[PDB]
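Numbering (PDB author numbering), first residue to last: 363 to 379, 382 to 405, 413 to 638. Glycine residues also receive a C-beta, built at the ideal position from the N, C-alpha and C atoms.
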Ligand SMILES: CN(C)Cc1cnn(-c2ccnc3[nH]c(-c4cccc5c4ccn5C)nc23)c1
């Protein structure tokens, strides 16, 4: 869990800027490992994000190496070299439909594991999905994540914090209730972003205008060239009624079966 500052080498060039993300190298027992380091320079929030990540073990979720207490509080993670999925797709508009399906299916597998483990992510967006390879996605950014109480299937927040409203379900907005079904709503927005090659959702609209549009039963249109079955799935993720909205087990199954058909049809 606690790492030696002497064994960490930080590169001066910053990956992101929320906080700062730096590429680094950490000397392990024999080999050196490439890492991405979250720097604080708020201290209890980093420790709680570390607390969440240490409990998670899945191929589709970013692996935490440990924490470092030196100049600043640092969260050291295994490096996903290709970066955020939204920026990747913005810069690589030639990515095939079968490939986007493959990646959003990998996110659903990671979320199906988070659901089973009774953790709510609460920041599922394309900017928080990292690419290991063009064919391998991992979920990151557990800063807002919560381990659900054993007797409840939702987390209740106290007062509006720093929230990404465009990705949030109506029960999150109106009742401050976060469940794995509210993460399914964000997964629908993330899917829309993915088939829109990293375009921002609800472009040019204020959070309040997004709320009002959703309350009238309106939803973002079908992205250019997005498969119909995938757009039907987003709409099912955007079911207003929490009870009728599918869970991640159901969403993953639809993605699995559809992806196996696309792979078949290809060759
Ligand atoms: C808002 N969150 C996305 C911040 C955050 C949290 N974890 N985390 C990373 C964890 C593991 N592997 C990574 N790899 C890259 C990376 C690689 C290449 C380019 C990149 C990035 C990040 C920005 N850019 C432009 N970031 C990470 C980044």
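Express the C-alpha separation of residue 508 and residue 477 in angstroms, rounding to a whole number.
Working through the chain shown from its first residue, we reach residue 477 at position 106. Working through the chain shown from its first residue, we reach residue 508 at position 137. Looking at the two C-alpha atoms, the distance is approximately 6 Å.
Contact check, residue 459 vs residue 491, beta carbons under 7 Å:
The sequence position of residue 459 within the chain shown is 88, counting from 1. The sequence position of residue 491 within the chain shown is 120, counting from 1. The answer is no: Cβ separation not under 7 Å.
Does the region 589 to 605 come close enough to the region 527 to 535 that 3 or more CB-CB pairs lie under 8 Å?
no
Taking the CB atoms as reference points, tell me whether residue 623 and residue 483 lie closer together than 7 Å.
In the chain shown, counting from the first residue as 1, residue 623 sits at position 252. In the chain shown, counting from the first residue as 1, residue 483 sits at position 112. Yes.
Span of the beta strand (DSSP E), counted from its first residue to its last, around residue 648:
Residue numbering for the chain in the displayed model covers 363 to 638; residue 648 lies beyond these limits and cannot be assessed.
Of the residues 631, 465, 464, 449, which one's Cα is nearest the Cα of residue 431?
Sequence index remark: in the chain shown, residue 431 carries index 60 (1-based). If we check each option's Cα against that of residue 431, 449 comes out closest.
Cutting at 7 Å between CB atoms, please list the residues of its own chain near residue 568, excluding the five before and the five after it.
In the chain shown, counting from the first residue as 1, residue 568 sits at position 197. Excluding residues within five positions, the ones whose Cβ falls inside 7 Å are 460, 461, 464.
For ligand 1, which residues have a Cβ under 7 Å from at least one heavy atom, in chain order?
377, 378, 382, 385, 400, 402, 433, 448, 449, 450, 451, 452, 453, 454, 455, 458, 498, 499, 501, 511, 512
Compare the Cα-Cα distances from residue 614 to each of 493, 506, 503, 541 and report the closest residue.
For this step, residue 614 is matched to residue 243 along the chain shown. Per the Cα distances, 541.
The alpha helix (DSSP H) enclosing residue 581, as first and last residue numbers
The residue labelled residue 581 in the question sits at position 210 within the chain shown. Where residue 581 is concerned, the enclosing alpha helix (DSSP H) stretches over 578 to 586.
Across which residues does DSSP place residue 391 in a beta bridge pair?
Here residue 391 is taken as the residue at index 27 of the chain shown, counted from 1. Answer is 396.
Counted within 10 angstroms of its Cβ, other Cβ atoms place residue 566 as buried (16 or more) or exposed
Sequence index remark: in the chain shown, residue 566 carries index 195 (1-based). Buried, since its Cβ has 16 or more Cβ neighbours within 10 Å.
Taking all protein chains shown into account, do 16 or more other C-beta atoms lie within 10 angstroms of the C-beta of residue 493, making it buried, or fewer, making it exposed?
As a first step, residue 493 is located in the chain shown; it is residue number 122 there, counting from the start. So residue 493 counts as buried.
Among 394, 391, 402, the one whose alpha carbon lies nearest that of residue 377
The count along the chain shown starts at 1 and reaches residue 377 at position 15. The residue with the shortest Cα to Cα distance from residue 377 is 402.
Among 572, 519, 573, 581, the one whose alpha carbon lies nearest that of residue 544
Start at 1 with the first residue of the chain shown, and residue 544 comes out as number 173. Per the Cα distances, 581.
Can you check whether the CB of residue 423 is closer than 7 Å to the CB of residue 436?
As a working note, residue 436 is residue 65 in the chain shown. As a working note, residue 423 is residue 52 in the chain shown. No, the pair does not count as a contact, with Cβ atoms beyond the cut-off.
Which one of 364, 417, 636, 608 has the shortest CA to CA distance from residue 516?
For the purposes of this step, residue 516 is taken as the residue at position 145 of the chain shown. Minimum Cα distance to residue 516 is reached at 417.
Rounded separation between residue 486 and residue 374 - CA only
Taking the chain shown and counting its residues from 1, one reaches residue 486 at position 115. Taking the chain shown and counting its residues from 1, one reaches residue 374 at position 12. Cα to Cα, the separation comes out at about 37 Å.
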